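Please read the structure below before turning to the comments.
Every residue, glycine as well, gets a Cβ built from its backbone with ideal geometry; the counts of neighbours run over all protein chains shown. No lab work stands behind these numbers, since they all come straight from the coordinates.
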Amino acid sequence: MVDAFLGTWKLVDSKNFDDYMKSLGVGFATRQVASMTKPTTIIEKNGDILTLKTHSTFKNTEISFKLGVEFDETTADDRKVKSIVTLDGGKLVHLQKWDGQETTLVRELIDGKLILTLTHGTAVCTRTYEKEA
Ligand SMILES: O=C(O)C(F)(F)C(F)(F)C(F)(F)C(F)(F)C(F)(F)C(F)(F)C(F)(F)C(F)(F)F
């Protein structure tokens, strides 16, 4: 059910990312670098285990998880969160919880592009990724 998300994806559009980062308390200097970074996201599957890599000239992350099973995560901005990823309406929904706060990272395929919607507080960011061959 996750299979159309798998592969290597490159950032090609970003809307409201500074709002999202600011809502999370990211400092201005980090926001400035991040606003000019174009990550590569790699999503791979081995049986029930997904691995999601995010690579850039600034911050690099990797998580592995089973759909529907909570996992500990340390985010790129150093938040220590409780996470769960699940398919919902064909979208890959990643929920992070910490300190009573939540943020969602929702991935949906639209016309072959991967649209990542990031919500925290009132901030809603949309990032578009295109598949690499
Ligand atoms: O995958 C993406 O496109 C993505 F990198 F934007 C992300 F992973 F979704 C993200 F969650 F938004 C995030 F990692 F960029 C963050 F949460 F904004 C962040 F950690 F705060 C950061 F911007 F990376 C910071 F530099 F502050 F550390």
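Taking the residues in the range 38-69 that are in a loop (DSSP other than H, G, I, E, B) and within 8 Å of the ligand (Cβ to nearest atom) as candidates, determine which candidate is nearest to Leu92 (Cα to Cα).
The selected residue is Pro39.
Name the pairs: first residue in the range 25-48 and of a type outside the set (S, T, N, Q), second residue part of a strand (DSSP E or B), Cβ to Cβ under 6 Å, at least 6 apart or on different chains?
Hits for this filter: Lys38/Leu11; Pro39/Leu11; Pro39/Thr54; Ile42/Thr8; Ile42/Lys53; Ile43/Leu52; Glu44/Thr51; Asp48/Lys66.
Of the numbered conditions (1) within 13 Å of the ligand (Cβ to nearest atom); (2) over 18 Å from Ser64 (Cβ atoms); (3) of a type in the set (D, E, K, R), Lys113 fails exactly one; give the number of that condition.
(1)
Just one of the numbered conditions (1) more than 15 Å from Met21 (Cβ to Cβ); (2) touching a helix residue (DSSP H, G or I) at 6+ places or on another chain (Cβ under 6 Å); (3) of a type outside the set (A, V, I, L, M) is not true of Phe58; which one?
Of everything listed in (1) more than 15 Å from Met21 (Cβ to Cβ); (2) touching a helix residue (DSSP H, G or I) at 6+ places or on another chain (Cβ under 6 Å); (3) of a type outside the set (A, V, I, L, M), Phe58 misses just condition (1).
For the list (1) surrounded by 16 or more Cβ atoms within 10 Å (Cβ to Cβ); (2) part of a helix (DSSP H, G or I); (3) of a type outside the set (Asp, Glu), I need the number of the one condition that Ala29 fails.
Looking at each condition in turn, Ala29 falls short on (1).
Rundown of residues vs (1) surrounded by 17 or more Cβ atoms within 10 Å (Cβ to Cβ); (2) closer than 21 Å to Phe17 by Cβ; (3) out of contact with any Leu (no Cβ under 6 Å at 6 or more places or on another chain), yes/no style:
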site	(1), (2), (3)
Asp72	no, no, yes
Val81	yes, yes, yes
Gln96	yes, yes, yes
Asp99	no, no, yes
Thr104	no, yes, no
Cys125	yes, yes, no
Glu130	no, yes, yes
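Quick test of your reading of the structure: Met21 fulfils all but one of (1) assigned to a strand (DSSP E or B); (2) within 9 Å of the ligand (Cβ to nearest atom); (3) in contact (Cβ under 8 Å) with a residue 40 or more places away in the chain. Name the failing condition by number.
Evaluating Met21 over (1) assigned to a strand (DSSP E or B); (2) within 9 Å of the ligand (Cβ to nearest atom); (3) in contact (Cβ under 8 Å) with a residue 40 or more places away in the chain leaves (1) as the failure.
Under 8 Å between Cβ atoms, which residue pairs at least 6 apart in sequence (or on different chains) link something in the range 75-86 that is more than 8 Å from the ligand (Cβ to nearest atom) with a partner that is polar (S, T, N, Q)?
Taking only residues 6 or more apart or on different chains, the pairs are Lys80/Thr74; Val81/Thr74; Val81/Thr75; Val81/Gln96; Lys82/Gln96; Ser83/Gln96.
Within the range 87-103, how many residues are within 16 Å of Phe5 (Cβ to Cβ) and either among the hydroxyl-bearing types (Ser, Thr, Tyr) or within 11 Å of the ligand (Cβ to nearest atom) (or both)? Give the derivation first.
Step one: filter the range 87-103 for residues within 16 Å of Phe5 (Cβ to Cβ), giving 87-94.
Retained after the next criterion (residues that are either among the hydroxyl-bearing types (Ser, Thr, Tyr) or within 11 Å of the ligand (Cβ to nearest atom) (or both)): 94.
Number of matching residues: 1.
Filter the range 116-130 down to the residues that are more than 9 Å from the ligand (Cβ to nearest atom) and either outside any strand (DSSP E or B) or over 10 Å from the mean Cα position of the chain (by Cα) (or both) and list them by number.
Within the range 116-130, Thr119, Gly121, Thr122, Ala123, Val124, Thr126, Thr128, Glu130 qualify.
Of the numbered conditions (1) surrounded by 15 or more Cβ atoms within 10 Å (Cβ to Cβ); (2) more than 12 Å from the chain's Cα centre (by Cα), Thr61 satisfies every one except a single condition; which is it?
With (1) surrounded by 15 or more Cβ atoms within 10 Å (Cβ to Cβ); (2) more than 12 Å from the chain's Cα centre (by Cα) applied to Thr61, the lone miss is (2).
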